[PDB]
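**Q** Residue numbers (the deposited numbering), protein chains in the order written: chain A, 2 to 54; chain E, 2 to 244.
All C-beta atoms, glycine included, are put in the ideal place defined by N, C-alpha and C.
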Amino acid sequence: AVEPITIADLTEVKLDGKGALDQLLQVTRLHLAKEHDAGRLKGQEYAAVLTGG
Amino acid sequence: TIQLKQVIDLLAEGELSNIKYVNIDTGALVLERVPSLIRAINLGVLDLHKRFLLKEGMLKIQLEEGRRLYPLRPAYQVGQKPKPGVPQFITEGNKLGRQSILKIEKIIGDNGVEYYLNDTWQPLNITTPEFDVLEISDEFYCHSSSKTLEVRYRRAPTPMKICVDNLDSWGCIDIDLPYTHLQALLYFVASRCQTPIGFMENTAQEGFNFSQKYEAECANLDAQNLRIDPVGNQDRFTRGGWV
């Protein structure tokens, strides 16, 4: 009953992977994308927030 | 007055290297936003032709008694498409395009006389009501003695048509400029392209800096006098009386 948690479990290198880091980044991207689609973000705060986070 | 598009893009690589337009982050090589780049370059060329003469054209209108308005549009010009509802009276001159007439400057009759343009109350005045049309009053016909007209105007080149099959080469396209205004065109394009990108203190000012350099270069070209400039020397001594 010992499943070894590995780097693949944390994150595989692909952008669309199923790693925890990957999916957290994806949900952050979705929230920012909706914010930009509404008239509330320019295309530069989008990058600033992500890089900070 | 031509330059290969290839050299233009190769050089603009050296100033657009920061951004998406020309570079993959790895092994920087030109992308396929070339359509957008060309659409920007055409605007730049038009702006430079606005700022300096660099060109002038000619036409030849065959008059028709009783006519009031003569529009100068590419449907009335010989060798163009003959729309049935219009008589093709522009019988000679540079091929007309959508942006060719920036300003009409001279009107010369068949006799060598020189008519007046937008000079009210002058003897035989010719008025332009809509910037591309000549309004000819009836007094002109009353005292004309001229069966044709010759028009000169400030030109801007007609950009070459890109095509989806033409995406193969894109290097046979020829921009119509002298090389000096090429050096200026580089800054123009770089400013327009770099304006809407960047969020750091020093990276938010590149568009402004390139605008400043563009203006400085235009001033330098004006100082060096690398454009056409007629200068008038009338006679004043043959009218009979000044001698």
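Contact defined as beta carbons within less than 8 angstroms: I believe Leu178 (chain E) pairs with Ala13 (chain E). What is the distance between those atoms, to the nearest angstrom?
**A** On the second sequence, position 177 is the one that residue 178 (chain E) refers to. On the second sequence, position 12 is the one that residue 13 (chain E) refers to. That belief does not hold up - the Cβ atoms of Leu178 (chain E) and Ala13 (chain E) are roughly 14 angstroms apart, past 8 angstroms.
**Q** Might you give, ordered along the chain, the residues of its own chain that have their beta carbon closer than 7 angstroms to the beta carbon of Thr2 (chain E), omitting 5 neighbours on each side?
**A** Working through the second sequence from its first residue, we reach residue 2 (chain E) at position 1. Excluding positions up to five away in sequence, the list reads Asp177, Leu178 and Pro179.
**Q** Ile198 (chain E) to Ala34 (chain A), Cα distance in whole Å?
**A** As a first step, residue 198 (chain E) is located in the second sequence; it is residue number 197 there, counting from the start. As a first step, residue 34 (chain A) is located in the first sequence; it is residue number 33 there, counting from the start. Taking the straight line from one Cα to the other gives about 17 angstroms.
**Q** With distance defined between alpha-carbon atoms, name the residue in E:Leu49, E:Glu115 and E:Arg156 nearest to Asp223 (chain E).
**A** In the second sequence, counting from the first residue as 1, residue 223 (chain E) sits at position 222. Of E:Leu49, E:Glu115 and E:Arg156, the residue nearest in Cα terms is E:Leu49.
**Q** In the structure shown, what three-state DSSP assignment does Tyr117 (chain E) receive?
**A** Residue numbering aside, residue 117 (chain E) sits at position 116 when the second sequence is read from its first letter. DSSP places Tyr117 (chain E) in strand when its eight states are reduced to three.
**Q** At 3 residues or longer, and completely inside the region 141-228 of chain E: list those beta strand (DSSP E) runs for me, N to C.
**A** The qualifying runs are 149-155 and 175-177.
**Q** Given that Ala9 (chain A) touches chain E, what residues does it touch there, using C-beta distances under 9 angstroms?
**A** By 1-based counting over the first sequence, the position of residue 9 (chain A) is 8. Those within 9 angstroms of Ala9 (chain A) in chain E number zero; the least Cβ separation is about 24 angstroms.
**Q** By the DSSP assignment, the beta strand (DSSP E) with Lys107 (chain E) in it spans what residues?
**A** By one-based count along the second sequence, residue 107 (chain E) stands at place 106. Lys104 to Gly110 is the span of the beta strand (DSSP E), which, as asked, contains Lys107 (chain E).
**Q** Would you decide whether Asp10 (chain E) is buried or exposed? Buried here means 16 or more other CB atoms lie within 10 Å of its CB.
**A** Within the second sequence, the letter at position 9 stands for residue 10 (chain E). So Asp10 (chain E) ends up on the buried side.
**Q** Closest Cβ-Cβ distance between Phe200 (chain E) and chain A: below 7 angstroms?
**A** Start at 1 with the first residue of the second sequence, and residue 200 (chain E) comes out as number 199. Judged by the 7 angstroms Cβ criterion, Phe200 (chain E) is in contact with chain A.
**Q** At a CB-CB cut-off below 8 angstroms, which residues of chain E make contact with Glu36 (chain A)?
**A** Walking along the first sequence from the start, residue 36 (chain A) turns up at place 35. Per Cβ cutoff of 8 angstroms: no residues; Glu36 (chain A) is ~16 angstroms from chain E at best.
**Q** At the 7 angstroms Cβ level, is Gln45 (chain A) part of the contact set with chain E, yes or no?
**A** Start at 1 with the first residue of the first sequence, and residue 45 (chain A) comes out as number 44. Chain E contact via Cβ: present.
**Q** Is the separation between the beta-carbon of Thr7 (chain A) and that of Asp23 (chain A) shorter than 7 angstroms?
**A** Sequence index remark: in the first sequence, residue 7 (chain A) carries index 6 (1-based). Sequence index remark: in the first sequence, residue 23 (chain A) carries index 22 (1-based). Against a cut-off of 7 angstroms, the Cβ pair of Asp23 (chain A) and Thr7 (chain A) comes out as no contact.
**Q** Note down the Cα distance separating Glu106 (chain E) from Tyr154 (chain E), rounded to an integer number of angstroms.
**A** Walking along the second sequence from the start, residue 106 (chain E) turns up at place 105. Walking along the second sequence from the start, residue 154 (chain E) turns up at place 153. Each residue's alpha carbon lies about 5 angstroms from the other.
**Q** Looking at the ligand COA, does it come within less than 6 angstroms of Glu216 (chain E), judged from the CB to the closest heavy atom?
**A** In the structure on display, the ligand COA does not appear, and there are no ligands present to speak of.
**Q** Among E:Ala205, E:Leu118, E:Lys51 and E:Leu55, whose alpha-carbon lies nearest the alpha-carbon of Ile229 (chain E)?
**A** Here residue 229 (chain E) corresponds to residue number 228 of the second sequence, with the count starting at 1. Among E:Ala205, E:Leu118, E:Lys51 and E:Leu55, the Cα nearest to that of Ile229 (chain E) is on E:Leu55.
**Q** If you drop the 5 nearest sequence neighbours on each side, which residues of the same chain put their C-beta closer than 8 angstroms to that of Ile20 (chain E)?
**A** The sequence position of residue 20 (chain E) within the second sequence is 19, counting from 1. The residues are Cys194, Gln195 and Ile198.
**Q** Are the Cβ atoms of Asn119 (chain E) and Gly58 (chain E) separated by less than 7 angstroms?
**A** Translated into positions along the second sequence, residue 119 (chain E) becomes position 118. Translated into positions along the second sequence, residue 58 (chain E) becomes position 57. Not a contact, by the Cβ cut-off of 7 angstroms.
**Q** Spatial neighbours of residue 1 (chain E) within its chain, please: CB distance less than 7 angstroms, with the 5 preceding and 5 following residues excluded, ordered by chain position.
**A** The displayed coordinates of chain E run from 2 to 244. Any statement about residue 1 (chain E) would go beyond what the structure contains.
**Q** Return the first residue and the last residue of the alpha helix (DSSP H) that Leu11 (chain A) is part of.
**A** Taking the first residue of the first sequence as position 1, residue 11 (chain A) is located at position 10. Run containing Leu11 (chain A): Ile8 to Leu11, per the alpha helix (DSSP H) assignment.
**Q** Throw me the rounded Cβ distance for the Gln4 (chain E) and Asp133 (chain E) pair, which I believe falls under 8 angstroms.
**A** Here the question's residue 4 (chain E) lines up with position 3 in the second sequence. Here the question's residue 133 (chain E) lines up with position 132 in the second sequence. Between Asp133 (chain E) and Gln4 (chain E) the Cβ distance is about 29 angstroms, and since that is not below 8 angstroms, they are no contact.
**Q** Would you check if the distance between the CB atom of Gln27 (chain A) and the CB atom of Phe200 (chain E) is smaller than 7 angstroms?
**A** One-based indexing of the first sequence puts residue 27 (chain A) at position 26. One-based indexing of the second sequence puts residue 200 (chain E) at position 199. For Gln27 (chain A) and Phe200 (chain E), no; Cβs fall outside 7 angstroms.
**Q** Go ahead and pull the three-state DSSP assignment for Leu70 (chain E).
**A** Mapped onto the second sequence, residue 70 (chain E) falls at position 69. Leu70 (chain E) falls in the strand class under three-state DSSP.
**Q** Per DSSP, what kind of secondary structure is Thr128 (chain E) in: helix, strand or coil?
**A** Here residue 128 (chain E) corresponds to residue number 127 of the second sequence, with the count starting at 1. Three-state result, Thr128 (chain E): strand.
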